[PDB]
Amino acid sequence: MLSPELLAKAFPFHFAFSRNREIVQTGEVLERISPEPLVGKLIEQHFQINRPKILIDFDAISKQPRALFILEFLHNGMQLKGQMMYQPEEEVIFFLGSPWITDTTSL
Amino acid sequence: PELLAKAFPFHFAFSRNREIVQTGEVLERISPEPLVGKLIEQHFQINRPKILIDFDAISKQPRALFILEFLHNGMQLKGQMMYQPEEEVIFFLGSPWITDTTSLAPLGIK
């Protein structure tokens, strides 16, 4: 029921990836923040998954739809937390992440 | 900053009297009634942690993930409660859990 334009705007720090681990879309704020452009790049060159303890693996990720995911943006060290929303029809996962705001979190 | 208002379109901010003083762009769009000036407990419940809706109590859980439920439709918003001592407000930087059913459409007439 969710508009793709609405989803993207609702989550300014999201990224979406395909099963080859390539990033296919990013939110407005995330893109503006990254030094390299993220679309076309592999997840593991820009992110680390801190929680749950699992592989950056499309299939492994699709098996945990209720888990709170915590990813680190390797560039600034921000801890992004959120849902990994699986779209089986599109063969895309959306990490609908947003940063924890601590005193030393720099955007 | 006031980028915070933009990067968290579902946020709301509140004061010690539990009055909502500010809301994100998307939260207002989907709300059945304007939230600014309303009391938190008329519109939301806290599911996690198992705490009172209380400015002081919330301010002492700075590292907890809060789960609030928007009472109107059962939407679960998850996020940080970020205290701002200099402004005398807490920001709930929540985001909705997204399901097949999720609508981020404005409500229409009535």
Side-chain angles (χ1 to χ4, degrees), chain A residues 1-16 25-34 50-52 61-62 64-71 73 76 78-90 92-107, chain B residues 1-13 23-31 47-49 58-59 61-68 70 73-87 89-107:
Chain A
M1 264 291 294
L2 250 181
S3 166
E5 350 277 298
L6 287 181
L7 184 69
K9 287 177 195 180
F11 295 90
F13 307 85
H14 85 275
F15 68 88
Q25 194 189 105
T26 62
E28 205 154 323
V29 172
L30 183 68
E31 199 75 82
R32 233 96 162 183
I33 265 186
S34 190
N50 298 327
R51 184 198 193 270
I61 292 179
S62 65
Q64 297 216 212
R66 298 186 304 109
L68 179 77
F69 275 74
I70 302 171
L71 272 68
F73 185 47
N76 56 24
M78 75 181 177
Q79 298 268 71
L80 296 170
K81 74 284 176 299
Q83 173 185 12
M84 285 283 186
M85 180 206 74
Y86 179 36
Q87 285 181 341
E89 207 177 301
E90 282 74 18
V92 158
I93 293 170
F94 277 76
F95 175 53
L96 302 170
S98 61
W100 204 262
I101 307 302
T102 71
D103 299 23
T104 66
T105 289
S106 149
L107 302 186
Chain B
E2 277 42 280
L3 155 69
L4 186 65
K6 290 157 78 79
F8 295 89
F10 296 86
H11 82 265
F12 66 90
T23 56
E25 53 200 303
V26 185
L27 196 69
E28 214 56 286
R29 202 175 65 219
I30 74 179
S31 186
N47 295 338
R48 291 158 198 78
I58 286 152
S59 78
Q61 279 275 49
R63 301 175 58 220
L65 188 72
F66 280 72
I67 318 300
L68 271 66
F70 214 166
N73 61 0
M75 174 190 262
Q76 290 227 123
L77 301 150
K78 302 188 189 175
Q80 177 179 10
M81 283 287 191
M82 188 201 64
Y83 179 34
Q84 225 80 307
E86 57 181 21
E87 292 141 52
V89 306
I90 294 162
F91 274 88
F92 177 53
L93 307 174
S95 269
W97 203 262
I98 300 304
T99 57
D100 318 308
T101 274
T102 297
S103 178
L104 305 184
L107 299 171

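Basis for what follows: all heavy atoms, side chains included, without hydrogens, waters or symmetry-related copies. Letters A, B, ... mirror the listed sequences (proteins, then strands); counts begin at 1.
When all heavy atoms of B:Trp97 and A:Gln83 are compared, the pair lying nearest together is NE1-NE2, 3.5 Å. Between A:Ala10 and B:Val26, the shortest heavy-atom contact is CA-CG2, 4.4 Å. Among all heavy-atom pairs drawn from B:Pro96 and A:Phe11, the shortest one is O-CZ, 3.6 Å. Closest non-hydrogen pair, A:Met1 versus B:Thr102, comes out as CB-O, 4.0 Å.
For the atom pair NZ of B:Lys78 and NZ of A:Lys81, the computed distance is 10.5 Å after rounding to the nearest 0.5 Å. For the atom pair A:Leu6 CG and B:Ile30 CD1, the distance stands at 10.5 Å (nearest 0.5 Å). Here CD1 of B:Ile98 is found 11.5 Å from NE2 of A:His14. Values are rounded to the nearest 0.5 Å. Distance CG/B:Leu104 to CG/A:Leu7: 7.0 Å, rounded to 0.5 Å. To the nearest 0.5 Å, atom NZ of residue A:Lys9 and atom CD of residue B:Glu25 are 9.0 Å apart.
Proximity to chain B (any heavy atom under 4.5 Å) is restricted, for A:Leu96, to the side chain, taken from C-beta onward.
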